[PDB]
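Chains as they are written, first to last, in the numbering used here: chain Y, 1 to 121; chain V, 1001 to 1286; chain E, 2001 to 2140; chain U, 3001 to 3149; chain L, 4001 to 4289; chain Z, 5001 to 5235; chain P, 6001 to 6110. Step one of this worksheet: look at the structure below.
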Amino acid sequence: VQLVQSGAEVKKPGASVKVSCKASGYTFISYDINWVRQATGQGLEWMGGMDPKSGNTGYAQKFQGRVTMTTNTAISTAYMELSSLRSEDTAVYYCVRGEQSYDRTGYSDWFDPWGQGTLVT
Amino acid sequence: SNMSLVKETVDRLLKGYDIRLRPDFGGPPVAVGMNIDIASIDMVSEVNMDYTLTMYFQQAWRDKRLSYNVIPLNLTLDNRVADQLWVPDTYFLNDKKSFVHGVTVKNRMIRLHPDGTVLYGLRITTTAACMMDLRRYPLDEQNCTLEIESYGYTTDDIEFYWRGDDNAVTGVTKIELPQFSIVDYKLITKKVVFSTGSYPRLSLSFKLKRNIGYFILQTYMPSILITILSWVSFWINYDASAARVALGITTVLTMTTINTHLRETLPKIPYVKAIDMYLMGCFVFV
Amino acid sequence: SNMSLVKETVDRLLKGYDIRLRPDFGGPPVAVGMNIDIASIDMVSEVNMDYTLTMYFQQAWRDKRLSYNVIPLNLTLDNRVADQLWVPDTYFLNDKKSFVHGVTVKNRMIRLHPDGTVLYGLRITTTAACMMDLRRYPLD
Amino acid sequence: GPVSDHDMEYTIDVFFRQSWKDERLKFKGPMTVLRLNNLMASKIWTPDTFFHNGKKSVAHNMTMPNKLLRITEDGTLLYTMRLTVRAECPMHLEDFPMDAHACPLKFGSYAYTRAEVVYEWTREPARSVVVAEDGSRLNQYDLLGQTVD
Amino acid sequence: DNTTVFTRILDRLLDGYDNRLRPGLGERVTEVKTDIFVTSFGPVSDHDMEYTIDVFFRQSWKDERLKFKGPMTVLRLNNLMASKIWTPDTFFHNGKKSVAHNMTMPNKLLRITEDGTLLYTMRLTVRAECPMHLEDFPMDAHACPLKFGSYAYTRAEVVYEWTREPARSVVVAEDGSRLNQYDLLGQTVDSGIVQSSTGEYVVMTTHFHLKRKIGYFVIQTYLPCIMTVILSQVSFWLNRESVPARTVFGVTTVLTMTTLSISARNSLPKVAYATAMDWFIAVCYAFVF
Amino acid sequence: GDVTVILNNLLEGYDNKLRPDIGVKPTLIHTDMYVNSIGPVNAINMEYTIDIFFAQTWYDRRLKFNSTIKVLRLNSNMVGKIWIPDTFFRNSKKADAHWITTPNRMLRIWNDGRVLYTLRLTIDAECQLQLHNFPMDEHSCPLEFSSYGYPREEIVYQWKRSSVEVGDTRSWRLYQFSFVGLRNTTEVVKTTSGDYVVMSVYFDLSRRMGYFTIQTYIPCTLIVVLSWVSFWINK
Amino acid sequence: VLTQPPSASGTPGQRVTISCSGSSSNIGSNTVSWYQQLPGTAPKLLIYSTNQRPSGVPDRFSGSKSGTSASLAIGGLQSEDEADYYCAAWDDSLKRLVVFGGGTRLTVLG
Ligand SMILES: *[C@@H]1O[C@H](CO)[C@@H](O[C@@H]2O[C@H](CO)[C@@H](O[C@@H]3O[C@H](CO[C@H]4O[C@H](CO[C@H]5O[C@H](CO)[C@@H](O)[C@H](O)[C@@H]5O[C@H]5O[C@H](CO)[C@@H](O)[C@H](O)[C@@H]5O)[C@@H](O)[C@H](O[C@H]5O[C@H](CO)[C@@H](O)[C@H](O)[C@@H]5O)[C@@H]4O)[C@@H](O)[C@H](O[C@H]4O[C@H](CO)[C@@H](O)[C@H](O)[C@@H]4O[C@H]4O[C@H](CO)[C@@H](O)[C@H](O)[C@@H]4O[C@H]4O[C@H](CO)[C@@H](O)[C@H](O)[C@@H]4O)[C@@H]3O)[C@H](O)[C@H]2NC(C)=O)[C@H](O)[C@H]1NC(C)=O
Ligand SMILES: *[C@@H]1O[C@H](CO)[C@@H](O[C@@H]2O[C@H](CO)[C@@H](O[C@@H]3O[C@H](CO)[C@@H](O)[C@H](O)[C@@H]3O)[C@H](O)[C@H]2NC(C)=O)[C@H](O)[C@H]1NC(C)=O
Ligand SMILES: *[C@@H]1O[C@H](CO)[C@@H](O[C@@H]2O[C@H](CO)[C@@H](O)[C@H](O)[C@H]2NC(C)=O)[C@H](O)[C@H]1NC(C)=O
Ligand SMILES: *[C@@H]1O[C@H](CO)[C@@H](O[C@@H]2O[C@H](CO)[C@@H](O)[C@H](O)[C@H]2NC(C)=O)[C@H](O)[C@H]1NC(C)=O
Ligand SMILES: *[C@@H]1O[C@H](CO)[C@@H](O[C@@H]2O[C@H](CO)[C@@H](O)[C@H](O)[C@H]2NC(C)=O)[C@H](O)[C@H]1NC(C)=O
Ligand SMILES: *[C@@H]1O[C@H](CO)[C@@H](O[C@@H]2O[C@H](CO)[C@@H](O)[C@H](O)[C@H]2NC(C)=O)[C@H](O)[C@H]1NC(C)=O
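Structural data, given as structure tokens:
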């Protein structure tokens, strides 16, 4: 299972950015695709998730009105669209798969494949 | 005296006792040892995919709160005191309808030992669900289990084991089923892993091998002999048209009657079985 | 108001009542009158040798302790008070499984009369055993 | 009651009387014997007898609990119950339909061992289990006679 | 003294509590977040249009009145305490006879977190209604439901919401299929609003999709019927003078088809309309005639 | 906050053993049903199952409060503390309420003392089918209910405008019968205890012959027409 | 929201423990999972469900959860474990929220 991801992008503030995450090796509709950002100077941050089957999304609080995570089941890609870019938006944007287990006693989530991929403004 | 002395002993033990707290709440896990005296395995129903078993299910743990020194003798208390103690929240993972017998009084046992050990017994009739695979029916072995878990406590709080670890289950060799025969039983303790932790579990597995002589005598012998009787028409000479027609067509009728009466006598299992394959073979030969 | 009068008389009646004692504890036997309004006879099983019947089984006795005169009506009390009064230990000698219906509430009635007469009714289904001789079956 | 050969079980309906001696319940009054309410009969120690081979037994409580508890001034308690026991009768059918069986009814104490509660028949063994003269509800079999032990 | 604090918390927890008032009576809408783990999809009783489902039913709400503070973060409650707190009175709209297991102890669990979050787990067997349309028997596929909701609490008081994405809030165990006759294909979970004479209620539905197996009716009715028709036709190959022989084919094949049809319609429930197997039987009998 | 005080006052100085207005006038109870389904009608036992939502509304001046809240909407919890009529179904062989996950009752108390009490029932009503014209028979099986201990001069039942209403009528588990209609009725019956107001909800059913045709009529007819072949067979 | 030490250290062989502390609505209610991140590459899963170990991570690593805190115990600390270690725990304050920790730079003295 891999989450091969788009190449680097360079853009000036205020320009919408596109990143893409083609998944291969697993039924793309069974699991979810969470987008995690990571600024070079600091720790990880969670951008938001999306269910590849329903389209349901969960963008984080700090990006409530700046993101659009859609998904194309046909080609099994999930491409985020960050907008309203700024100087603080330069960071390595990761595509993760939110593997999950549910049974008698509640749920438990994690991210096993992970990916790569970056953007600078 | 003695009688009163013990009265104050037990009253002191129970006063200031918090039932909400397991033994050694802040400390190491409590270890519960289990026995089962299988009184009976009543009915193994292929239609309902279940079996019924009556057992004397016993558990034993340590409750340092329930420790006494001023008497030596093993105390046995009225079962109504089991409501005021802490008893593990064991449950049978694959049961459907279970009950503790309640005649002439609620059939359970509560026995304290001077060192704190508590023995707690119940007399249970459990209707467990036994997943079955009757492709090979009636030449099939059915592995029917009973799974014992703890509902709310994880391995960090409670630990399960068989008391004796190989003789914990008794009375199984003395079980005389009408249709099966216990060929082996296994005891498996383990810790299963779920999301929020690992929960303890024990598993009593019987292997039931179905007895065959009946099914031979009732189903196969008639069909085989009717197939031979159908063959008999070959020695009957070609001219005997009415004779050979009578024989063959009546053999077809008899095969149909056997098939459609065994369809009722046999348990209603709406997938194909070996017995059905054999009856179809005999029909095709006729 | 009349409701307050009823409340007071009922409270007085149940106050200082000994459920362990039959009426006329030291006196003559208490007489109990039976009525049976047979609602139905459902099935007659000759394999189990029994028959099921649903009936309105009612008893009537005189309890001088439950005597009032300040109101002229026949009080009808919520069935739940039948646990606070003495009721005879009547049992059916040849039943196998019986039960008082409990929908929407426990189907029983307790009624007090000014002269102390208690009228206590139940709605019972009884699977009563019946010894059957089926030599002459079906001409029996 | 009926003996079910398919389920290998039979049904029996009994009046079960137990007498024991509790010295904590002695009293001195004009009455030698007093009968105890059911609420109070639940308040004293009663032996926890159970039927070893019972499958599902019911203690009738219609219209009132079919139990009676009686105390003599000597402290002797008599406790009579009315109950239906659906016991299991393991059957061997080699000689069917010409077979004969000995269906057992075994009872005893749960949780009290031989050193705490000993059971004995109130009279001679075979005079302490009596079948009413009209008490035979069997279609198939013939009850010949019991044998206690 | 590591349990003195624990017992102080447990005793002070229910001071000034009213189990008759839902959390946030006049301020909020109580949001019970449901979640179901189907341990085993029990047998589908074709005669009764019912199906048994054994489930772990977990409901998590928020009770601000149980906010405690102490050395513990999660606090378990015994069933005696769990009867003293307000819990949603969920029921199953189509349920017939649901049984909550209490062996050896009540198969329930209630936990309270510091912030006042209550988690209530129940283990229960629900024997619900599965309305079937057998026009395609035995080639029928059913979609029958498990609808549940609240009693006595309209859409403006208690609103259920699946814990995670609807379809990840109901899960069937791997070995949970206890069906010997059908094939559990999939499941569709949904939320809706039902309007009744008493108010508007939230209803959480879960349709389980079943497909019937054919391999049994094939070899048990269809092949015997087809062979009987073939045998009836084979009578034409006999020479004409053998009148007794051909008459015996005719009549005895009619008898065999009679028996086969009787048996097949004995196997089917007692519906009052023609099924696919019934049409097959009818045409076959017409052929023999 | 305020509701706990309201409830504590309401149940303070209460006596659930006495019907509202015990000595003044009969208690008038308005009854509604909502038939979730009408299960099988097995002619062998002469019984039909039915699943309903039984609702009764009466007036209790002891449960009158003043406050900004116009209605109190409670669980089954309070049901056991206030007076509830002892309504029972006179033609039920075995009925039972539902208790999962929590008792399926419902209580609602208004400002002026109007109480509404709803529960969910599954009743195995009995109706003695007159099995003539089988399978071309039509029946009318009742669900009757009345108070158990309160005679006509103590409790009076009264239907509503849209009291009894059916659901889909397609998910119903009717096998051989077909639903055609229903009627509500009220009568007064004479009992050993007194005169009881008995309310009835007749349900009209018609057996469907699509099964018996193929099972018996067609095969018997064809067997007779087959037996005639002997006539054309030479003597 | 989860807080963990800015950095930790430990000589080879010594057992060092990284800890995460969060409120009761994320760690007290859900399960943490730990994510290693070797210098400059993409983070990988190190522990999930707080105890389970993904295929590939040696038994050396083990995690635990106590109330509202979690700890990653790196026994037999070796050279190649010099990396960042983060912890994530889905939060129940909104239907889809997962909160990462600050991360810990673990260095190998020597
Ligand atoms: C001969 O002997 C027979 C056996 O001894 C005897 O039958 C028994 O009769 C009694 C009296 O009628 C029955 O007791 C009542 O049972 C009602 C429930 O009945 C249904 O359920 C039981 C099983 O009960 C479980 O489920 C209910 C509902 O959840 C629980 O409330 C029970 O406690 C119990 O739950 C435990 O077990 C569960 C597992 O099963 C666990 O999951 C759970 O966690 C618990 O541990 C079934 O057996 C019944 O089936 C039989 O009966 C029906 C009758 O309708 C038949 O049709 C059917 O075919 C079967 O025969 C049935 O399905 C209880 O609701 C009821 O409890 C209320 O009433 C009593 C007395 O009024 C109160 O003291 C009690 O507190 C309850 O009232 C409170 O709660 C109600 C809820 O409705 C409120 O409305 C009420 O206002 C009150 O609230 C107040 O108190 C609360 C305290 O709880 C408090 O929290 C509130 O805040 C408020 O202050 C009662 O217990 C008994 O079940 C029968 N047993 C059997 C085996 O049938 C028979 O009568 C005898 N015959 C004669 C002639 O004497
Ligand atoms: C009925 O089926 C069950 C389910 O397969 C059988 O239980 C299985 O028994 C075997 C033998 O004891 C177990 O293997 C053991 O695995 C443990 C792993 O911890 C290992 O330590 C042992 O050395 C052994 O290899 C197996 O795990 C167990 N399966 C389950 C799911 O519990 C059971 O034996 C069958 N009944 C019989 C054979 O009578
Ligand atoms: C309490 O019960 C224990 C368990 O049955 C008894 O322990 C036995 O004591 C005898 C000697 O009297 C030994 O021969 C057995 O080996 C013991 N068994 C076990 C399992 O320990 C004990 O005697 C009883 N009474 C007291 C006072 O301990
Ligand atoms: C109260 O109950 C009594 C019965 O206890 C009722 O008295 C009956 O009245 C009728 C009037 O025609 C007589 O025929 C009966 O014989 C009376 N019964 C008895 C036992 O004497 C009385 O009507 C009831 N009503 C009131 C208001 O008291
Ligand atoms: C289910 O099991 C529980 C646990 O034994 C039963 O709860 C007991 O109920 C009796 C009767 O009210 C009480 O005296 C006990 O105290 C209860 N147990 C505890 C631990 O307090 C419950 O009654 C059972 N329900 C059924 C229907 O059998
Ligand atoms: C149901 O019962 C009611 C009352 O017995 C029947 O009559 C209607 O009742 C309402 C409410 O009192 C009145 O407003 C209507 O004017 C009544 N209509 C009449 C008398 O025709 C009602 O017809 C019954 N309906 C059914 C379907 O049985």
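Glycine residues also receive a C-beta, built at the ideal position from the N, C-alpha and C atoms.
Range of the contiguous alpha helix (DSSP H) that encloses residue i
{"i": "residue 4284/L", "result": "4276-4288"}
{"i": "residue 4232/L", "result": "4223-4233"}
Cross-chain neighbours of residue i in chain V, by beta carbon under 9 Å
{"i": "residue 3081/U", "result": "1103, 1104"}
Contact test: residue i Cβ vs ligand 2 heavy atom, cutoff 7 Å
{"i": "residue 4211/L", "result": "no"}
{"i": "residue 1203/V", "result": "yes"}
{"i": "residue 1276/V", "result": "no"}
Under 8 Å from the C-beta of residue i: neighbouring residues of chain L
{"i": "residue 5211/Z", "result": "4270, 4271, 4272, 4273"}
Residue i Cβ short of 7 Å to ligand 5 heavy atom set
{"i": "residue 1089/V", "result": "no"}
{"i": "residue 2974/U", "result": "A question about residue 2974/U goes unanswered here, because the residues of chain U that appear run from 3001 up to 3149."}
{"i": "residue 1079/V", "result": "no"}
Residue environment, residue i, which counts as buried when at least 16 other CB atoms sit within 10 Å
{"i": "residue 1228/V", "result": "exposed"}
{"i": "residue 6012/P", "result": "exposed"}
{"i": "residue 2137/E", "result": "exposed"}
{"i": "residue 3966/L", "result": "Because chain L in this structure spans residues 4001 to 4289, residue 3966/L falls outside the shown range and cannot be described."}
{"i": "residue 5066/Z", "result": "exposed"}
Inter-residue CB distance, residue i and residue j (contact presumed, cutoff 8 Å)
{"i": "residue 1028/V", "j": "residue 1061/V", "result": "In fact, because the Cβ distance is near 12 Å, the residues do not count as touching under 8 Å."}
{"i": "residue 5137/Z", "j": "residue 5131/Z", "result": "6 Å"}
{"i": "residue 1049/V", "j": "residue 1132/V", "result": "6 Å"}
{"i": "residue 1352/V", "j": "residue 1145/V", "result": "Residue numbering for chain V in the displayed model covers 1001 to 1286; residue 1352/V lies beyond these limits and cannot be assessed."}
Closer than 7 Å: residue i CB and nearest ligand 1 heavy atom
{"i": "residue 5080/Z", "result": "yes"}
{"i": "residue 4023/L", "result": "no"}
Per-residue contacts from residue i into chain P (C-beta, under 9 Å)
{"i": "residue 4032/L", "result": "None at all; the shortest Cβ gap to chain P is about 14 Å."}
{"i": "residue 4164/L", "result": "6095, 6096"}
Residue i beta carbon near ligand 6 (any heavy atom closer than 7 Å)
{"i": "residue 5025/Z", "result": "no"}
{"i": "residue 5183/Z", "result": "yes"}
Contact set between residue i and chain L, taken where Cβ atoms lie within less than 7 Å
{"i": "residue 6024/P", "result": "4073, 4113, 4114, 4115"}
Within chain A, the residues that residue i reaches when beta carbons sit closer than 7 Å
{"i": "residue 6049/P", "result": "As a matter of chain content, chain A is missing from the structure shown, whose protein chains are Y, V, E, U, L, Z and P."}
heavy atom of ligand 3 below 7 Å from residue i C-beta
{"i": "residue 1107/V", "result": "no"}
{"i": "residue 2013/E", "result": "no"}
Unbroken beta strand (DSSP E) run spanning residue i, endpoints
{"i": "residue 5053/Z", "result": "5047-5059"}
Interface partners of residue i on chain Y, CB under 7 Å
{"i": "residue 4171/L", "result": "102"}
Contact list for residue i against chain Y, beta-carbon separation under 8 Å
{"i": "residue 1195/V", "result": "101, 102, 103, 105, 106, 107, 108"}
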